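For this one, two forms of the same chain are given in structure tokens, first as structure 1 and then as structure 2.
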Structure 1
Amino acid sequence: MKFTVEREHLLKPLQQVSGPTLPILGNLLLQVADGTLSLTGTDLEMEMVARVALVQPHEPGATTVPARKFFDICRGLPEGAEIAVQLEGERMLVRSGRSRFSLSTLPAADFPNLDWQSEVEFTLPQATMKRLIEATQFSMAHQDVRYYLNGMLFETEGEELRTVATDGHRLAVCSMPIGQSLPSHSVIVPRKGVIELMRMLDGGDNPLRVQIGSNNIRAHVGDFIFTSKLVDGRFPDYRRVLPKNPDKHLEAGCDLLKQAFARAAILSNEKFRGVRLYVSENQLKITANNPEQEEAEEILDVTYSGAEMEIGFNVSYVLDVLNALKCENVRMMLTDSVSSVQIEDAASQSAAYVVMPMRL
């Protein structure tokens, strides 16, 4: 196995595959075949494959090498450098100018593979997939004993793709049109997979091709291919989480609401930061207090209809929403002091957020 390639052509591929307990999982698979260098990183749950065209003389074959070391060496070389690689048994030689490196190797034969069959396929702009994941990702559970919440629902319905994420306390749902008639289907992508998929997306104009199997999801963009296993459980139905009949509607500036929440939060309990909301005619009052007897009060002029009520919220849950909205005005749709609240951009139905109240 021998190739010579510009450092420049390796950098972004290396960045992506350095993404995805067993030493060989810390290695990259390198393969030269039919004029192409392929670089694969895996963690057994997901894999990223990148391809680089080889115009300079090259010899087929494969090996695996320490990924972080190989990446650091390449990154470390000067801009414009050319990188010549040759496999020498249990070592891979790397040369560029008067810099020389010998890396240990593990056999390509030992490198783990994920085969499976695609059941649902569609293409969409990167930008749309990025939008979907950013709108919802923060509501994924992290290390919940209900495994199926540690990730993100991808659902196809009609001509829309939809993401849903929830941790049982707050929920986020976003739908975007994809312009193709689609089968009704739902899968759960593990959180680490969501994160790696999002990192593959640079917001250039580039179609993303998605293929969903019973147990896997694959996304193709440019010369990269990402594959993850799916999470095997029963995701909650967002439709059953949306408040059935909110009778109280508050509209307020997103930024003013956010800043009042953030300031009030300073004098909330540091362990469990919550604030009390009091809604009344034309007005929202946010209050916090702490074990030191300190108190914050914010009063905001707001658009409001409904009965007066008091309701508490976890500060981070609301700030997370207001941060994901990045819009001028926000609508909060309330029911009562013991029920969850629906938050959305006042001027867009693309996404919705549901948040349980917090007792204070």
Structure 2
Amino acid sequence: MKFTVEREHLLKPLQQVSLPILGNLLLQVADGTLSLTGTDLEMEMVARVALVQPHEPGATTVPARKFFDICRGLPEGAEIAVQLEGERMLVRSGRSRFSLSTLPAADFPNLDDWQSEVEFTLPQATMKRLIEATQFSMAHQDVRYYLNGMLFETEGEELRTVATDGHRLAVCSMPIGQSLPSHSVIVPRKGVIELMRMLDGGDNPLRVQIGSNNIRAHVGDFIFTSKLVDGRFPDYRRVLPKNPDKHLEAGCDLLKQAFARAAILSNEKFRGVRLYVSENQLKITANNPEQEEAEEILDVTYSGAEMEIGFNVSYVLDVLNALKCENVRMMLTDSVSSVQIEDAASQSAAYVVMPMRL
């Protein structure tokens, strides 16, 4: 196995593809192409790079981090010559020489073979929007294992993501211009993060294939495959407040800064803040067990009945930071119901926070 490639043509693939063999990358030279594969047994990334210089076929595995670090450590645009020599992989560029340990390509694990059952193509930016809108609301390491990921749902002509930690919920729906079967799957949280970072911000379309227990995403030279979480996800429809009758609109940043200052004097563990809404005015209060107290008053747009409501300010600040927009809509019912929060200029993403009695 032999190949010579420019440093930069390896770095992006290396970043994407990054028991001992799990710490190695599979390298394969075949039919004019170097393939690089990383895996943790749950998910796998394959990156292809065209070989324009002379090369010789073959396959091995090499320590991922050390190989990455050597390549990154070489000078910008350096030529990197790689060949197998015995049980070692030789790396040479200029007068820099490296000899790395190998493990047999035969020992590199494959994900189980599977069949694609639902497929669609969408712009990368659309998938990025869907994931970014909801990612922060996934659970991390909850005993409810099915919350440690993101629901991907197809319905009519749209793709939807849902994330919840069992306390707050995020949902985002986007039309993708293709007739889809009604379907939903759970992508493990590590898989969501890996998928997100494979999206490079460019013009390559994204092709998604979903099987019974797997998902695959293809963008340009990269192919990501993950197991799905085998479980049942909560129904977001039952979480959204039914027909909320009271709408407040305010500048996102003004609202966020008011909440952020109030949060300083909220309970450190439970983070409860109170809202008092009246004609075109919002008052936010916070207090803590040391009996310190914050109050914020700001102009908003509101004409409904006067009401009060408490919430976890961390959850609300999470929403406002995710929204990054000009204006926000808080959809209210009463002191004993959840709130729905949206970009005032878009119904694509919605966020639900539970009420607190303070």
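Here the rigid core means the biggest group of C-alpha atoms that line up within 1.5 Å when the two forms are laid on top of each other. When a residue number appears, read it as a position in the sequence of structure 1, where counting begins at 1.
A.B. asks: Which residue of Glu159, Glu121, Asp144, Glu270 is the mover here, meaning its C-alpha shifts by 2 Å or more between the two structures once both are aligned on the rigid core?
C.D. replies: The only residue crossing the 2 Å threshold is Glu270.
A.B. asks: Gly306: CA shift of at least 2 Å between the two structures after core fit?
C.D. replies: Yes; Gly306 is a residue whose C-alpha shifts (by 2 Å or more) between the two structures when the cores are overlaid.
A.B. asks: Aligning on the rigid core, what is the distance the CA of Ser175 moves between the two structures, in angstrom?
C.D. replies: That residue's C-alpha is offset by 0.6 Å.
A.B. asks: Determine, in Å, the CA shift of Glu292 between the two structures after the rigid core is used for superposition.
C.D. replies: After core superposition, the C-alpha of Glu292 moves 2.5 Å between the two structures.
A.B. asks: Cα of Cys327: shift between the two structures in Å, core-fitted?
C.D. replies: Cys327 C-alpha displacement between the two structures, core-aligned: 1.6 Å.
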